[PDB]
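Chains as they are written, first to last, in the deposited numbering: chain A, 3 to 113; chain A', 3 to 113. A prime marks a further copy of an entry chain. For each residue, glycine too, the CB sits at the ideal point set by N, CA and C. The block underneath contains the structure these notes are about, expressed in structure tokens.
Number of protein chains: 2
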Amino acid sequence: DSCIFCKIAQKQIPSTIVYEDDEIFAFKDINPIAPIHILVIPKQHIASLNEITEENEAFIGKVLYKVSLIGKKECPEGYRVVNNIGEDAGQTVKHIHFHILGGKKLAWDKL
Amino acid sequence: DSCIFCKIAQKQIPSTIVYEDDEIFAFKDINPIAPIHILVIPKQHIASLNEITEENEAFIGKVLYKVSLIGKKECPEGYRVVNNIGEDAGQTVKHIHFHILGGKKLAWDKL
Ligand SMILES: Nc1ncnc2c1ncn2[C@@H]1O[C@H](COP(=O)(O)O)[C@@H](O)[C@H]1O
Ligand SMILES: Nc1ncnc2c1ncn2[C@@H]1O[C@H](COP(=O)(O)O)[C@@H](O)[C@H]1O
Ligand SMILES: [Zn+2]
Ligand SMILES: [Zn+2]
């Protein structure tokens with residue numbers, strides 16, 4: 003009812019869809035920082051990486067596996083995966099999302 | 003015998019250790035790009051995220067869980083987790099390593 007990414011996952015708010023299945027939903031970042039910039043979310047609401055538990059760690063491993071399958075397909079020359087937790091990382095939406103970044107030789111600059 | 007991170011994990015090459023257990027090894031990046039910059043590796047040799055399989059996905063979930071435990075302790079104000087796969091991402095060592103970055107409001111710049 004409230005979470006922007008939960009709603010995107012249920013196609014209640016529009017997105018450019020890259021992949022979806024019963025468990026995950028991947029779509030293009032609307033403000034990209036690389037030529038390929040994809041967000042991968044679980045459909046289920048998990049607020050951040052700090053909400054991973056010993057009991058859901060297998061599920062998050064499966065999400066990361068599916069992140070790799072998307073990345074190796076969309077970015078055969080290589081890709082970077084980023085996850086932001088909390089204020090210093092600039093986490094905006096409190097629904098866990100993996101960034102897949104690629105399509106160029108990606109910078110590695112001081113943060 | 004050959005992999006720099008396998009050797010660091012077995013303390014055959016020195017590092018500044020942040021945490022270790024029977025499964026993982028975490029140490030300070032020697033060329034940091036943030037005030038807190040930690041590398042977390044499995045002790046077992048896995049070359050990159052592209053080597054995750056349906057059969058080891060639970061293990062990688064556990065590694066990511068332990069990444070979150072390290073991050074929330076070392077970076078209570080928030081942290082970014084990064085993984086680089088292949089040439090465009092600039093992956094140097096072919097032994098999977100998660101970057102934990104924090105200690106400041108981290109930039110989000112074009113790559
Ligand atoms: N409605 C949206 N559709 C697609 N991407 C979005 C939308 N709203 C925010 N984003 C992206 O979501 C990301 C949030 O990343 P983070 O800083 O890790 O919370 C940013 O890269 C935003 O550009
Ligand atoms: N001997 C070392 N000890 C600690 N960190 C290292 C060492 N060699 C390389 N690194 C770091 O490992 C990281 C490799 O990251 P990547 O570009 O993702 O392959 C870089 O941030 C390097 O500064
Ligand atoms: Zn949500
Ligand atoms: Zn190794």
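Using only CA atoms, which one of A':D3, A':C77, A':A49 lies nearest to A':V20? A':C77
If you run the structure through DSSP and keep just helix, strand and coil, what is A:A60? helix
Reduced DSSP category for A':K75 - H, G, I as helix; E, B as strand; rest coil: helix
Pair within 9 Å by beta-carbon distance, A':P44 and A':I32: Not closer than 9 Å, so no.
Residues near A:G73 in its chain [Cβ-Cβ closer than 6 Å; skip 5 each side]: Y81, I102
Would you please verify whether the beta carbon of A':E25 is less than 9 Å from any beta carbon of chain A? By this cut-off, A':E25 is not an interface position.
Own chain residues within Cβ distance below 8 Å of A:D111, not counting five before or after: none
Can you name the residues of chain A' whose CB is closer than 8 Å to the CB of A:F7? Within 8 Å Cβ-Cβ: nothing; A:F7 doesn't reach chain A', min ~18 Å.
For the putative contact between A':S70 and A:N52, defined by C-beta atoms under 8 Å, what is the C-beta separation to the nearest angstrom? 6 Å
At 8 Å on the CB atoms, spell out the chain A contacts of A':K107, in chain order. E89, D90, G92
Residue interval of the alpha helix (DSSP H) (run including A:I32): Run containing A:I32: none; DSSP gives neither H nor E here.
Quick one: which chain A' residues come within Cβ less than 8 Å of A:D111? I35, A109, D111
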